[PDB]
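Encoded as structure tokens, the structure appears first; notes follow it.
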Amino acid sequence: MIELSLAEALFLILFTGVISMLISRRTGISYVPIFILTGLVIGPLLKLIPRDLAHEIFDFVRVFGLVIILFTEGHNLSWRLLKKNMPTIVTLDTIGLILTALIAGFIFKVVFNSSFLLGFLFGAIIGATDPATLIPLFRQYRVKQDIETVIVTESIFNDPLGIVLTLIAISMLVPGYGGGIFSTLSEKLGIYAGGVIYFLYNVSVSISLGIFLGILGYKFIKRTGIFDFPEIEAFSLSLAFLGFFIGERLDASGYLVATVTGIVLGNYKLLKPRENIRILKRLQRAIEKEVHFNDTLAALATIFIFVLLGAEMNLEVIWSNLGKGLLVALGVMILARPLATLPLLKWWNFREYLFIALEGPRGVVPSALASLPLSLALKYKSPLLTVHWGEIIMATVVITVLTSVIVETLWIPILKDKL
Amino acid sequence: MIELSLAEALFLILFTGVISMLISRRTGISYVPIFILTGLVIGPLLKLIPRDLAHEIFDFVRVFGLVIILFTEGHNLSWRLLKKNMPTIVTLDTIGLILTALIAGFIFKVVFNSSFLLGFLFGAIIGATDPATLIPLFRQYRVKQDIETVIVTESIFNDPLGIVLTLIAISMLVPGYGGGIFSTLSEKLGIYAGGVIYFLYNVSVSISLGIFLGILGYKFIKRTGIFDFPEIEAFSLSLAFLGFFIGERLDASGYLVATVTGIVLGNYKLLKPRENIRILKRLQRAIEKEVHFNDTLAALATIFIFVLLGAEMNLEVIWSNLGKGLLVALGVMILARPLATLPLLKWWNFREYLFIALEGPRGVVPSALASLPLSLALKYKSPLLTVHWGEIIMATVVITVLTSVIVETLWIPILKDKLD
Ligand SMILES: CCCCCCCCO[C@@H]1O[C@H](CO)[C@@H](O)[C@H](O)[C@H]1O
Ligand SMILES: CCCCCCCCCCC
Ligand SMILES: [Tl+]
Ligand SMILES: [Tl+]
């Protein structure tokens, strides 16, 4: 605890996270458990970074980090690969996501003895997936591309869709956090109906404003000539955060807005420019630079998120509920997940569907949403969501992230040969 | 009291700053008064960004910003051009800087009926130079590459040294700031000898540590194979701040350590000859990626610094002493700089000397250290430095920056066509 409380803590997270990243690449082991372990070392163990600083930093890193993460994830998306295998993807992010959210919710409620709403909070938090761990092994194991594309795309589209479900599941238990459209719509049309209508509204408006601001920004780049350093990176950053803030100002998921914007800018090629060659080549250069910068920021954000999650956990609650946590984990990675991917069996084989379903692990987004109910319960004390359930949900999320990551990372060589 | 949301405030500053940057590039107007006027619009006038909130943000933006900016700036230094023009820039960064701070401080002391310490604080603040607002007009008029090299390098070295001089002046006013060594010497030798010996200590230790960390980092990159995304950027950032914190824990200028580190990293080919071609390729790849990211961050930090400076100022005190601040500013531009640059004509002609001694403006660093004594006054209670004197210092720094940038960027063609 000799270090500076604020600055040197941040720098400690950065430094140790970087070293952890290096040794992760060198070892070949996943970056998730390495980062979590690092946080565990500098956090709970060595007591260098107490939970207070962890929360305070995580309150900013949540917003900035998640926004930039979803933006860069939007960038690394090719719409053609999506269109080639659309139906098997679009439905699972529309239905399968909510389905596994409900099954995880129930299977959480029946073991931790709570409300279906809190269980649904856990499920919504843990909704998004992260297959970035599997990719380094996929490329060297030469697994089929047709599944990699649909899994990665699935993650790209479910990441912001897990935040909105978390945002609404929270808004139910705490009255203050929800406001504007949700309050009135829910007050006039009940919880369920008003919630579904609010969901559709949020998604539709987010996609609309996303495409709008994406194309508008893309045209603004040409109209005023933004190709050179440092205007492109700065303007793109400001664009993403513009989408987020005015997307949230009219009460809608600005995260999904930023994601869709990243999709638009990421696929400028298909925007029908009818423009000259010079402009498009130099614009390709500019977009590449911007992608580099923002992806660096997203890397730093990823590291910070995982390390903070590792340094914000308390081993007391976790060890107190380890068996239950593992039970929930295996409950959502073996039971909830395949039964939520049933419609995928329509266009896919038995073993293929089994693979795709069973495979998906949880990562960045659930890690960044884990401490949210806790941190919110501490500030806005509600009898439905207290500190106890905050610790419970968070611990369960961390447990499931770790478990899913390690287990699903380790069981692919044999499963490849079996199929 | 804080009104607008923090995240929305930060975003507002970023957005308006970017738009202002575009407008500044297209119009040809220097980005300094554009940013300052932008912040001025969103700051005092509209009260979108509360002055207290501006303070709280600035306290972070200066620490992160100055470090990343100086570290990046260190890469833009050529050791060959440094060796070819050593005594000149050495005379500039040492003698010229200190003398400038002293005489400008004397002017401020005379005008505002100040003490010697407050004046020296002002001079130390406006000691640094930022010729980045002159580069376009330099490479458009095809001015001599020599004087451009000299000016730019002088900026590179005198930017952190200006913070040290400010650190000195700050430590002499508030009891808490002066840490470790400086205190000992100060209570043993006195403020003069203590300040000088601590200056030498800070400079030497920061430079040596910067070289050590630069070489160590280079060897680590070369060894472990830190060549590709995203290892190089993250690691270089971690190193850039490692130098800062380590340097600050040794009671030295961490900014100077980061700067020297950037100097070492920028000149990677020089550290080892005979090294394989492929190695130089990969190393240049990594270095270019790093430079891209960190320079982008430095640009954002510059935007934030200038805009925040614009949003922080209060027009009351400024307009109350506009003539005084302008008088001090003209005293710095006309008297201070050339009088401190007089021994430079031992290697250059009178015209070249005059150009050099009339071009150097005040930009980023003095703009980030503008409200530092004011902030400290609001933080700690000292019988020497008060609040309103911090207001005076800040406002005078603002006027100085604006006038220096505007005028010394404006008179470039008239001055050049007469001199060279
Ligand atoms: C003005 C000097 C600051 C550096 C400007 C670099 C402009 C080009 O930026 C380039 O972006 C590329 C995107 O892939 C990176 O791979 C390169 O490393 C980077 O140099
Ligand atoms: C309060 C102590 C509770 C102990 C629970 C430990 C769970 C370990 C499960 C191992 C499968
Ligand atoms: Tl994802
Ligand atoms: Tl400079």
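By convention in this document, the chains of the structure tokens carry letters A, B, ... by their order, each chain's residues are numbered from 1, and ligands are numbered from 1 in the order they are shown.
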Contacts of ligand 3, 8 Å or closer, only C-alpha atoms and all ligand atoms, given as a ChimeraX atom specification: /A:70,73,128-132,152,154-159,363-365
Contacts of residue A:303 at 9 Å (only C-alpha atoms; same-chain gap of 3+ positions) as a list in words: residues 13, 14, 17, 18, 21, 31, 32, 35, 298, 299, 300, 306, 307 and 308 of chain A
Dump the neighbourhood of ligand 4 as a short mmCIF file (atom, residue, chain, number, x, y, z; two decimals) with N, CA and C atoms, in the first residue's frame: all residues within 9 Å, distances computed on only C-alpha atoms and all ligand atoms.
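Listed below is the output, out-v7.cif:
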```
data_model
loop_
_atom_site.label_atom_id
_atom_site.label_comp_id
_atom_site.auth_asym_id
_atom_site.auth_seq_id
_atom_site.Cartn_x
_atom_site.Cartn_y
_atom_site.Cartn_z
N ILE B 69 2.33 14.14 -23.90
CA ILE B 69 2.77 15.16 -24.86
C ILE B 69 4.30 15.26 -24.93
N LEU B 70 4.94 15.37 -23.77
CA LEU B 70 6.40 15.48 -23.72
C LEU B 70 7.08 14.19 -24.18
N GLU B 73 6.76 14.07 -27.85
CA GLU B 73 7.60 15.14 -28.37
C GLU B 73 9.08 14.74 -28.39
N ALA B 128 8.66 27.83 -21.14
CA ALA B 128 8.62 26.88 -22.25
C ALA B 128 8.14 27.54 -23.55
N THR B 129 8.41 26.89 -24.67
CA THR B 129 8.01 27.40 -25.98
C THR B 129 7.32 26.32 -26.82
N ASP B 130 6.40 26.74 -27.69
CA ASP B 130 5.67 25.81 -28.55
C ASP B 130 5.57 26.34 -29.98
N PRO B 131 6.53 25.95 -30.84
CA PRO B 131 6.63 26.41 -32.22
C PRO B 131 5.77 25.58 -33.17
N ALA B 132 4.89 24.75 -32.61
CA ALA B 132 4.01 23.91 -33.42
C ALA B 132 3.01 24.75 -34.20
N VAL B 152 12.83 23.94 -32.87
CA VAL B 152 12.10 22.74 -32.47
C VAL B 152 12.80 21.98 -31.34
N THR B 153 14.10 21.76 -31.48
CA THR B 153 14.88 21.07 -30.45
C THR B 153 14.87 21.86 -29.14
N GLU B 154 15.02 23.18 -29.24
CA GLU B 154 14.95 24.06 -28.09
C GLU B 154 13.62 23.87 -27.36
N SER B 155 12.55 23.76 -28.14
CA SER B 155 11.23 23.49 -27.57
C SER B 155 11.23 22.16 -26.82
N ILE B 156 11.71 21.12 -27.51
CA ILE B 156 11.77 19.77 -26.96
C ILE B 156 12.47 19.71 -25.60
N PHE B 157 13.63 20.35 -25.49
CA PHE B 157 14.38 20.31 -24.24
C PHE B 157 13.89 21.30 -23.17
N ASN B 158 13.41 22.46 -23.59
CA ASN B 158 13.02 23.50 -22.64
C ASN B 158 11.60 23.34 -22.10
N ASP B 159 10.80 22.49 -22.75
CA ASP B 159 9.46 22.20 -22.24
C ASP B 159 9.43 21.54 -20.85
N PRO B 160 10.22 20.47 -20.64
CA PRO B 160 10.21 19.88 -19.29
C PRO B 160 10.99 20.74 -18.30
N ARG B 362 4.55 31.10 -26.70
CA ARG B 362 4.17 30.30 -25.54
C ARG B 362 2.87 29.55 -25.81
N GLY B 363 2.89 28.23 -25.65
CA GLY B 363 1.75 27.41 -26.00
C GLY B 363 1.25 26.45 -24.93
N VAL B 364 1.41 25.16 -25.19
CA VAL B 364 0.80 24.10 -24.38
C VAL B 364 1.21 24.08 -22.91
N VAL B 365 2.51 23.89 -22.66
CA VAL B 365 3.02 23.79 -21.29
C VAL B 365 2.67 24.99 -20.39
#
```
For chain A, which residues have at least one atom within 9 Å of chain B, if we go by only C-alpha atoms? Write them as a short mmCIF file (atom, residue, chain, number, x, y, z; two decimals) with N, CA and C atoms, in the first residue's frame, please.
```cif
data_model
loop_
_atom_site.label_atom_id
_atom_site.label_comp_id
_atom_site.auth_asym_id
_atom_site.auth_seq_id
_atom_site.Cartn_x
_atom_site.Cartn_y
_atom_site.Cartn_z
N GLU A 8 -0.94 5.97 -9.17
CA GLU A 8 -0.09 4.78 -9.21
C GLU A 8 -0.90 3.49 -9.22
N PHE A 11 -1.75 3.26 -12.96
CA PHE A 11 -0.51 2.86 -13.60
C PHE A 11 -0.13 1.41 -13.27
N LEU A 14 -2.31 -0.71 -15.50
CA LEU A 14 -1.78 -0.64 -16.86
C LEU A 14 -0.52 -1.49 -17.02
N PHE A 15 0.46 -1.27 -16.16
CA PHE A 15 1.75 -1.95 -16.21
C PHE A 15 1.61 -3.47 -16.04
N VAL A 18 -0.23 -5.04 -18.89
CA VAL A 18 0.61 -5.16 -20.08
C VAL A 18 1.54 -6.37 -19.96
N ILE A 19 2.23 -6.47 -18.82
CA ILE A 19 3.10 -7.62 -18.57
C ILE A 19 2.32 -8.93 -18.67
N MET A 21 -0.38 -9.41 -20.38
CA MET A 21 -0.70 -9.61 -21.78
C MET A 21 0.47 -10.26 -22.52
N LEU A 22 1.66 -9.73 -22.28
CA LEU A 22 2.89 -10.27 -22.87
C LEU A 22 3.04 -11.75 -22.53
N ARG A 26 3.01 -15.10 -24.90
CA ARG A 26 4.17 -16.00 -24.89
C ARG A 26 3.79 -17.41 -24.45
N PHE A 60 -15.96 4.75 -14.45
CA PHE A 60 -15.58 5.46 -15.66
C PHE A 60 -15.19 4.47 -16.76
N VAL A 63 -18.26 2.92 -18.68
CA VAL A 63 -18.77 3.74 -19.78
C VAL A 63 -17.79 3.81 -20.94
N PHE A 64 -16.66 4.48 -20.71
CA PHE A 64 -15.65 4.69 -21.76
C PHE A 64 -15.24 3.38 -22.42
N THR A 224 -15.70 17.51 -46.06
CA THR A 224 -14.74 18.47 -45.51
C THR A 224 -13.30 17.94 -45.51
N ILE A 226 -11.45 14.79 -44.26
CA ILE A 226 -10.76 14.34 -43.05
C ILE A 226 -10.08 13.00 -43.28
N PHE A 229 -3.85 12.73 -40.15
CA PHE A 229 -3.61 12.81 -38.72
C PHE A 229 -3.62 14.26 -38.27
N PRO A 230 -4.17 14.53 -37.07
CA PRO A 230 -4.83 13.56 -36.19
C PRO A 230 -6.34 13.66 -36.28
N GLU A 231 -6.83 14.35 -37.31
CA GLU A 231 -8.25 14.66 -37.43
C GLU A 231 -9.15 13.43 -37.51
N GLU A 233 -8.82 10.18 -36.29
CA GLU A 233 -9.00 9.45 -35.04
C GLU A 233 -9.85 10.24 -34.05
N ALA A 234 -9.52 11.51 -33.89
CA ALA A 234 -10.25 12.40 -32.99
C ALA A 234 -11.71 12.52 -33.39
N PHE A 235 -11.95 12.76 -34.68
CA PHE A 235 -13.31 12.92 -35.18
C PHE A 235 -14.11 11.63 -35.06
N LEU A 237 -13.59 9.19 -32.82
CA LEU A 237 -13.83 9.04 -31.39
C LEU A 237 -15.03 9.89 -30.98
N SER A 238 -14.96 11.17 -31.33
CA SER A 238 -16.04 12.12 -31.04
C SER A 238 -17.35 11.70 -31.69
N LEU A 239 -17.26 10.96 -32.79
CA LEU A 239 -18.44 10.49 -33.51
C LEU A 239 -19.11 9.38 -32.71
N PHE A 241 -18.74 8.71 -29.50
CA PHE A 241 -19.28 9.25 -28.25
C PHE A 241 -20.47 10.19 -28.47
N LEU A 242 -20.55 10.79 -29.66
CA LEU A 242 -21.72 11.59 -30.02
C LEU A 242 -22.93 10.68 -30.13
N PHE A 245 -23.92 9.56 -26.58
CA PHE A 245 -24.53 10.57 -25.72
C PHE A 245 -25.88 11.11 -26.20
N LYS A 289 -5.88 3.81 -39.99
CA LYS A 289 -5.24 4.50 -38.87
C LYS A 289 -6.18 4.61 -37.68
N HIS A 292 -6.77 1.43 -35.97
CA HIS A 292 -5.60 1.13 -35.14
C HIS A 292 -5.67 1.83 -33.78
N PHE A 293 -5.87 3.15 -33.81
CA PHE A 293 -5.95 3.94 -32.58
C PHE A 293 -7.07 3.46 -31.65
N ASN A 294 -8.29 3.44 -32.16
CA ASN A 294 -9.44 3.04 -31.36
C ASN A 294 -9.36 1.60 -30.85
N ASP A 295 -8.74 0.72 -31.63
CA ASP A 295 -8.55 -0.66 -31.20
C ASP A 295 -7.48 -0.76 -30.12
N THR A 296 -6.50 0.15 -30.16
CA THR A 296 -5.52 0.22 -29.08
C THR A 296 -6.23 0.64 -27.79
N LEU A 297 -7.07 1.67 -27.90
CA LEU A 297 -7.89 2.11 -26.77
C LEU A 297 -8.79 0.99 -26.25
N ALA A 299 -8.14 -2.19 -26.49
CA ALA A 299 -7.27 -3.17 -25.86
C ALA A 299 -6.98 -2.75 -24.42
N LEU A 300 -6.60 -1.48 -24.26
CA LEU A 300 -6.36 -0.92 -22.93
C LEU A 300 -7.61 -1.04 -22.06
#
```
Given 8 Å and only C-alpha atoms and all ligand atoms, residues near ligand 2 as a ChimeraX atom specification: /A:319-324,326
Dump C-alpha atoms for the selected residues as a short mmCIF file (atom, residue, chain, number, x, y, z; two decimals), in the first residue's frame?
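Wrote part_37.cif, looks like this:
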```
data_model
loop_
_atom_site.label_atom_id
_atom_site.label_comp_id
_atom_site.auth_asym_id
_atom_site.auth_seq_id
_atom_site.Cartn_x
_atom_site.Cartn_y
_atom_site.Cartn_z
CA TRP A 319 -15.40 -19.22 -1.43
CA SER A 320 -18.58 -19.09 0.66
CA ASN A 321 -20.63 -19.80 -2.47
CA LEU A 322 -18.15 -21.61 -4.74
CA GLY A 323 -20.18 -24.78 -5.28
CA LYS A 324 -23.32 -22.79 -6.04
CA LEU A 326 -19.92 -23.45 -10.27
#
```
Among listed residues B:173, B:287, B:250, B:34, nearest ligand 1 (using only C-alpha atoms and all ligand atoms): B:287
